[PDB]
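Structure at a glance
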Amino acid sequence: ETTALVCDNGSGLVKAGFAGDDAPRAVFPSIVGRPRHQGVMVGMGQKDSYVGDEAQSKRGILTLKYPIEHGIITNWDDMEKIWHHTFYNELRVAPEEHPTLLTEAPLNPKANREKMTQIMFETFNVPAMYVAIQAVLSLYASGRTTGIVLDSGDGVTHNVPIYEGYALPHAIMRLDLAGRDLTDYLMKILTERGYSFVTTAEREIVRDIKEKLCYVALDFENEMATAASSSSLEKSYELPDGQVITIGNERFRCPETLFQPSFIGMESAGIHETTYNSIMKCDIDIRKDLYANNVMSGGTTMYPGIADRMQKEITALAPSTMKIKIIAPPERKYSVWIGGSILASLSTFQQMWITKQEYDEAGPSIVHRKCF
Amino acid sequence: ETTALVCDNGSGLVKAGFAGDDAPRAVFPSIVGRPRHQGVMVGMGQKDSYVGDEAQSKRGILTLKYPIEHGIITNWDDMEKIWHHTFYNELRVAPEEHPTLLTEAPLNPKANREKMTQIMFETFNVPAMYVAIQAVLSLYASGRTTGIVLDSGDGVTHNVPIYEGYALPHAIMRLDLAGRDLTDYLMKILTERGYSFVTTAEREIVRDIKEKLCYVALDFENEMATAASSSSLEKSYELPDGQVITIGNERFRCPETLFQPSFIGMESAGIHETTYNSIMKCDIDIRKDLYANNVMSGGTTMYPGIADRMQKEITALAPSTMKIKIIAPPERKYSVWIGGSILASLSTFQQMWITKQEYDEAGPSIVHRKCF
Amino acid sequence: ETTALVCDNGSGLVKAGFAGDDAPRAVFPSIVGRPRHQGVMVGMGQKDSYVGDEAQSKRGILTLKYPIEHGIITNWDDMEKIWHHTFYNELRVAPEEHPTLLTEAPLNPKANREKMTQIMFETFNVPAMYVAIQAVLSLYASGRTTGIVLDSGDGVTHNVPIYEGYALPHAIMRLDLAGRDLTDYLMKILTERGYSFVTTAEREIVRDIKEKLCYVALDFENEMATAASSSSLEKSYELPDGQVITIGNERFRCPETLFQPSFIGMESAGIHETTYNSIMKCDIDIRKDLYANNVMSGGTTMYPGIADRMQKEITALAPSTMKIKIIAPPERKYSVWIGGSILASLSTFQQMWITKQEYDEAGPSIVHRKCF
Ligand SMILES: Nc1ncnc2c1ncn2[C@@H]1O[C@H](COP(=O)(O)OP(=O)(O)O)[C@@H](O)[C@H]1O
Ligand SMILES: Nc1ncnc2c1ncn2[C@@H]1O[C@H](COP(=O)(O)OP(=O)(O)O)[C@@H](O)[C@H]1O
Ligand SMILES: Nc1ncnc2c1ncn2[C@@H]1O[C@H](COP(=O)(O)OP(=O)(O)O)[C@@H](O)[C@H]1O
Ligand SMILES: [Mg+2]
Ligand SMILES: [Mg+2]
Ligand SMILES: [Mg+2]
């Protein structure tokens, strides 16, 4: 095929474009927004739903919903709006002409992948499609055939060990804590300095505070003490409406939830201990090359100082007789998409698409025998 | 010592008294009022501020300011008048002798608790003090150690899940909608029957209408349809000056803003979905016992029919396989003060006070290590 | 003496009682749990650690730890709590007074048996004690002196060939796969139907889903084809909180990990191949009588159909010329404790105890010369 789509149908943000390009043609919020107020002006574009950057622009009059929660599509009537928008509004393709790579977290419900397959063949009529694991696509962007990938988006953090191009599915870890839970935790702790952000539209203002100002502190208890001898670690943000909020230790106490999940009251290992536990579930001879090829992917891996702390923490867990290396590239915000754009372009991948002809003789249950 | 004080300095109404008493010694509006008109009579007790029942009595010539908004003290020089009035006028104590239990809503600004601590030790010179969460105190009055507490006052509604004595602070919810927002909404919908209530003194008249006549409809659309075949659900109230107002569906459409916050334009879950979401944020093993111990507290829970509406709605959200029970005691107007009167009286609590000697070696920051 | 104790301190279930009783006096989870949330109800039985049925009862607010992993005591400070609980809280004996039969898996670390001896003689001051192999104790409960015991608990599966009362230790097999690995795989594969169990208390919900509903298929690929023409093999289970989960092929696909360990990603023989390998490591004359006397033991041997799958699988490996019989008593859940109660009650065993004198002249190293 000349061109195929790769759609990274992520939680919170969707990345889309053509296989063989080096970056997404489109990136926009994975949001559908609906009016919450009385419409009074006739003779106007009174539209019953907005999606992506349209919903983000009009958000003061909208309730904003994400159809994807924790990497699982929880609203299919609105996920069809996000895929319709993706194909017809800023890729501006005919889906009937282009096969599509699609993207999923490990350990998802099987019904998610089946219903994602059924919609692509029966609503969008694609020639062929395939659903790929986000952490396998991250090694394609990095150019590896071995590494443990820590992929962390808006809804899920997951670890996938790979060695010599074989995955270890018994050692895959999933953690329902990534960018949305950090945004919600920042809304919670910003209340303690006096700022109430409570609506779905204000949740997007706090996501921008988090992205602009938050960081991961190399030693948290020393940083907490450094912020008690105050004013040096503080920054300020200017809200829509032009009011300013000053922000202090909540600037690094927020991303620490990744390393201390008990801040959001959940009982789990932190992301450093989840990467270590996943390496220690692997066969002993591969562990040396996994510690040396520790790949980071996805937007929740974009905090300043997170790779320095991930190296510090895996180095304290692992035996000191060997070298941990953290491979967090500057474009890792898109490595799942870039690696899907590599996979969908390979000549040896063109045999692996599920085709329309192969779906309509096997039903949506085809997707489990033909995809990892 | 034989007595501590306990003060529930809530929005709208202060409750004050001695630890181990059965009910508050003093209960009065959390109001300061100042003359809005020209004094002309020389040779009189002409006075620059009135507080509590003196403000409420003289209100026809006053502008009334509540110094607490949404559970946050917004006017500290008037809050010092309210604590001065509390201690010296109708408790008629000397704060220098009595340690005082104070009370706060969850998810408050930290500056509120610090400045309240500072006033208690540096302005009122108390021997010791503590700040307790209003919903944690409500279980002591109820005699539970497990339950989800809906507390709803004049300024704030909040849900605190507790199991076997442990709070789950991830599952705590705060909603900035309670009895003041329902008074302001009743003022607004009374305009549509042709009564204009607009001054701060008239807000008290509409608060008295809300207290005497309003109730929660068990099924709102059936009660709207009932009141449209009118005159059966209508009641009358006699204003000061003796003019009678007749009031109809606005009588139950006011309390319905607790279940439908969109009536006052705010995008949030009603008190039933806020309680159910707080139970569902808790660990799966405790939910069965939170549903059976759903405790209601504060004056905004005093409406006729709210326990029945709230049981009906949590029963519709919960799985049909188990028994929701709602514990709305008749003294729940005071269950925060009654609970604080138990707590301050316990022998095993006497280690927990912040003492003056421990404050003046740690500053007002002490209240974040000794209090929840 | 009148009575010894016998304590089968297994992984995740501790069985305890007196020699000559017909069944364990006490059975409880081999668990210690500590609070993970914040204590707010002052003046109550708040406590820093719960053990056994207290921990299993309060588990919604606790993180639950097992101090035995794969038959090895990994946390001695919490194993001392379990032995203290066993003796004082529901045997309610004086350990100073009764000699104790303890129990162990074969091919354990020698430090496990030494430290277990040292704790018994110095923390619990016992008169005398012994450590017996769980599989040898399973033959006493069966009335045999020859058989091969397949014992499978929570932590470890092991085969021990015995002929005319002599063990063949070169033919002993150990397999660090049993009931916990099956629970942890059921948590993994329930995720693919959309139920996410992840906390240490949700591991106890998935353990009951496994115990109530899981079973062993006689022909796995035929049962998989039977569950694909669905609904006949599905069952439903009600969780705490009253939600119901339906479960289908994951019902028999969980126990198949015993026959296909590659499901949990480990390279090993199944329990049938391990039993056949253990028989084939024995001398050629004894094999006829081992095939006729396969003894099932421990709780992971309790699935419906496991004895029929096991007899079908050993019959396919063994020569067709001779009788495979598998002996699977309904009391096999306790046969290690039952046969420990027999051993501890024999008049000929009363000279085989390690005594306090014989320990305190030889150190904890005494246990290697006097036990198996
Ligand atoms: N510079 C940044 N710092 C912190 N967080 C970021 C940054 N950029 C993006 N994010 C967060 O990454 C999350 C989603 O990124 P992405 O990797 O696209 O996830 P998904 O694949 O689920 O769409 C968002 O919640 C966003 O807040
Ligand atoms: N019988 C009643 N019916 C309806 N509302 C009431 C009743 N009694 C009191 N209220 C309302 O309760 C609110 C405050 O009660 P309270 O629980 O003391 O709150 P706070 O703790 O904020 O002072 C007031 O706004 C008042 O209007
Ligand atoms: N009826 C049953 N079906 C399946 N598994 C069971 C059943 N009863 C108990 N088990 C499992 O047996 C395991 C432990 O049993 P037990 O033989 O006491 O082991 P241990 O000796 O290690 O305590 C537990 O993991 C439990 O889940
Ligand atoms: Mg992603
Ligand atoms: Mg109150
Ligand atoms: Mg056992």
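Residues numbered from 1 in each chain as written, not as in the entry; some residues may be left out. Chains lettered and ligands numbered in written order. Part of a larger assembly, values for the part shown. Heavy atoms only, no water.

In the PDB header, cryo-EM is given as the technique by which the entry was determined, and 2.8 Å as its resolution.

As for the overall build of chain A
In terms of helices and strands, chain A carries 14 helices and 19 strands. Its C-alpha atoms give chain A a radius of gyration of 21 Å, within 12% of the compact-globule value 21 Å for 372 residues. Over its C-alpha atoms, taken along the principal directions, chain A stretches across nearly 70 × 65 × 35 Å. A total of 372 residues make up chain A; the buried ones form 55% of that total. Of the roughly 15,800 Å² of accessible surface on chain A, a fraction of 49% belongs to carbon and sulfur atoms. One finds the centroid of the 37 positive side-chain charges in chain A at a distance of 1 Å from the centroid of its 47 negative side-chain charges. (Helix = DSSP H or I, 4+ residues; strand = E, 2+ residues; numbered from the N terminus. Rg over C-alpha atoms; globule rule 2.2 N^0.38 Å. Buried < 20%, exposed > 50% of the residue type's maximum accessible area, 1.4 Å probe, protein only. Areas by Shrake-Rupley, 256 points an atom, 1.4 Å probe, with all protein chains shown as cover. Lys, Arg positive; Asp, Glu negative; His and termini not counted. Charge placed at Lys NZ, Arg CZ, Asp CG, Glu CD.)

Thoughts on the interface of chain B and chain A
Each partner contributes residues to the interface: chain B has ten residues there, and chain A has twelve residues. Between chain B and chain A the total buried area reaches about 910 Å² when both faces are included, carbon and sulfur atoms providing 47% of it. Among the residues chain B hides against chain A, the three largest losses belong to B:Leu107, B:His170 and B:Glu267. Together they make up 58% of the total. Counting across the interface, chain B meets chain A through one salt bridge. With a closest N to O distance of 2.8 Å, B:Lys110 and A:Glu192 form a salt bridge. Counting across the interface, chain B meets chain A through six residue pairs in polar contact. Partitioning the side of chain B that touches chain A into residue classes produces five nonpolar, three polar and two charged. (Contact = heavy atoms within 4.5 Å. Buried area = accessible area lost by both parts, 1.4 Å probe. Salt bridge = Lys/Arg side-chain N within 4 Å of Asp/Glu carboxyl O. Polar contact = N/O pair within 3.5 Å; in protein donor to acceptor, adjacent residues only side chain to side chain. Nonpolar A, V, L, I, M, F, W, Y, C, P; charged D, E, K, R; others polar.)

Considering the site of ligand 1
All names here are of chain A. The immediate surroundings of ligand 1 are formed by 16 residues, with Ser11, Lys15, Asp154, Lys210 and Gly299 found nearest. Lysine 210 is positioned with one of its side-chain polar atoms (N or O) 2.6 Å from an oxygen atom of ligand 1. Here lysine 333 contributes a side-chain N or O atom positioned 3.1 Å from a nitrogen atom of ligand 1. Out of a free accessible area of 580 Å², ligand 1 has 91% covered by protein chains. Of all the secondary-structure elements, those providing two or more residues to the shell around ligand 1 are β2 (13-18) and α6 (200-213). No other element matches the three residues that α6 contributes to the shell around ligand 1. In terms of residue class, the shell around ligand 1 is built from three nonpolar, seven polar and six charged. (Near = heavy atom within 4 Å.)

Focus: the site of ligand 3
All names here are of chain C. Around ligand 3, the surrounding shell holds 16 residues, and the nearest of these are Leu13, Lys15, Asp154, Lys210 and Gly299. One of the side-chain nitrogen or oxygen atoms of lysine 15 is found 2.6 Å away from an oxygen atom of ligand 3. Note that an oxygen atom of ligand 3 is positioned 2.4 Å from one of the backbone N or O atoms of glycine 299. Contact with the protein chains covers 90% of the free accessible surface of ligand 3, which is 570 Å². Elements that contribute at least two residues to the shell around ligand 3 include exactly β2 (12-18) and α6 (202-213). Among the elements that line the shell around ligand 3, the one with the most residues is α6, at three residues.

Looking at the nonpolar core
Residues and elements named next belong to chain B. Ranked by internal contacts, the top residues of the largest apolar core, which has 62 residues, are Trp83, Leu101 and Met129. Broken down by element, the residue count for this core peaks at six residues, all from strand β10 (residues 128-133). Apart from the residues lying within four places of it in its own chain, the contact partners of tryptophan 83 are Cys7, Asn9, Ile73, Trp76, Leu102, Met116, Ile119, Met120 and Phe124. Listed in part, the 52 residues of the second largest apolar core include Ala171, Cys254, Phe259 and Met310. (Core = buried A, V, L, I, M, F, W, Y, C linked by side-chain atoms within 4.5 Å.)

Observations regarding the state of the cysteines
Residues and elements named next belong to chain A. Within the structure shown, the criterion is met by zero disulfides over all chains. Distance from the sulfur of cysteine 214, which forms no disulfide, to the nearest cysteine sulfur (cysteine 254) is 4.1 Å. Judged by its relative accessible area of 2%, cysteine 214 falls in the buried class. (Disulfide = S-S within 2.5 Å.)

Focus: the environment of C:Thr200
Relative to the helices and strands, C:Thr200 is located in the loop between α5 (179-190) and α6. Under the relative-accessibility criterion, C:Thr200 is labelled buried at 13%. Spatially, the C-alpha atom of C:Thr200 lies 8.5 Å from that of C:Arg59, the residues being 141 residues apart in sequence. Here C:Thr200 is in contact with A:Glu267, C:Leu62, C:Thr63 and C:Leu64, once residues within four sequence places are set aside. Among the polar contacts made by the side chain of C:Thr200, one reaches the main-chain amide nitrogen of C:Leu64 at a distance of 3.0 Å.

Side note on the interface of chain B and chain C
The partner chain C presents 28 residues to the 30 residues of chain B that form the contact. Between chain B and chain C the total buried area reaches about 2,400 Å² when both faces are included, carbon and sulfur atoms providing 64% of it. Interface area lost by chain B to chain C is led by B:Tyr166, B:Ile284 and B:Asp285, which between them contribute 31%. As a salt-bridge pair, B:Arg287 and C:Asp241 come within 2.7 Å of each other at their nearest N and O atoms. Put simply, the parts of the chain that give the side of chain B that touches chain C at least two residues each are α4 (134-142), β12 (157-163), β13 (166-167) and α10 (287-291) of chain B.

Observations regarding empty space enclosed by the protein
Residue and element names in this part refer to chain C. This model, assessed by the stated rule, comprises three cavities of 30 Å³ or more. Here the largest cavity defines a volume of roughly 40 Å³. Lining the largest cavity are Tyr66, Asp154, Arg180, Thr183, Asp184, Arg203, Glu204 and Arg207. Secondary-structure elements contributing two or more residues to the lining of the largest cavity are α5 and α6. Of the residues belonging to the lining of the largest cavity, the class tally is one nonpolar, one polar and six charged. (1 Å grid on protein atoms, 1.4 Å probe; cavity = no way out; pocket = protein on both sides within 12 Å on 5 of 7 lines; lining within 4 Å. Points joined across faces, edges and corners; volume = space filled by probe spheres on them.)

A few points about the packing of helix α4 (residues 134-142) of chain A against helix α12 (residues 335-343) of chain A
Residue and element names in this part refer to chain A. For the pair α4 and α12, the least separation of the axes is 7 Å and the interaxial angle reads 75 degrees. On the basis of their axis angle, the class for α4 and α12 is roughly perpendicular. Counted together, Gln134, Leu137, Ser138, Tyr140 and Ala141 of α4 and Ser335, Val336, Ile338, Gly339, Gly340, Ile342 and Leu343 of α12 form the full contact between these two elements. (Axes fitted to C-alpha atoms, helices over the stretch in contact; angles between N-to-C directions. Parallel < 35°, antiparallel > 145°, perpendicular 65-115°, else oblique.)

Looking at a nonpolar patch on the surface
Taken together, A:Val40, A:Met41 and A:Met44 make up a surface patch of nonpolar side chains, about 360 Å² in accessible area. You can see A:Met41 is positioned in the loop between β4 (32-35) and β5 (50-51). (Patch = residues over 30% accessible without salt bridge, like charges linked within 9 Å, V, L, I, M, F, W, Y side chains within 5 Å.)

Examining the pattern of salt bridges
All chains considered together, the criterion is met by 70 salt bridges over all chains. With a closest N to O distance of 2.7 Å, A:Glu192 and A:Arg253 form a salt bridge. In this pair, A:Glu192 is assigned in the loop between α5 (179-190) and α6 and A:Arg253 in helix α8 (residues 250-253), connecting sequence segments 61 residues apart. Among the residues examined, A:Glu192 registers a relative accessible area of 17% and is labelled buried. For A:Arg253, a relative accessible area of 12% translates into the label buried. Its salt-bridge partner being B:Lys356, residue B:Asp360 comes within 4.0 Å of it at the nearest N-O pair. Note on B:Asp360: relative accessible area 48%, which makes it partly exposed.

As for the side chain of A:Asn112
Residue and element names in this part refer to chain A. For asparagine 112, the position within the fold is in helix α3 (residues 110-122). In this structure the side chain of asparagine 112 is engaged in a polar contact, spanning 2.7 Å, whose partner is the side chain of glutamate 104. Setting aside residues no more than four positions away along its own chain, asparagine 112 makes contact with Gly71, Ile72, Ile73, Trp76 and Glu104.

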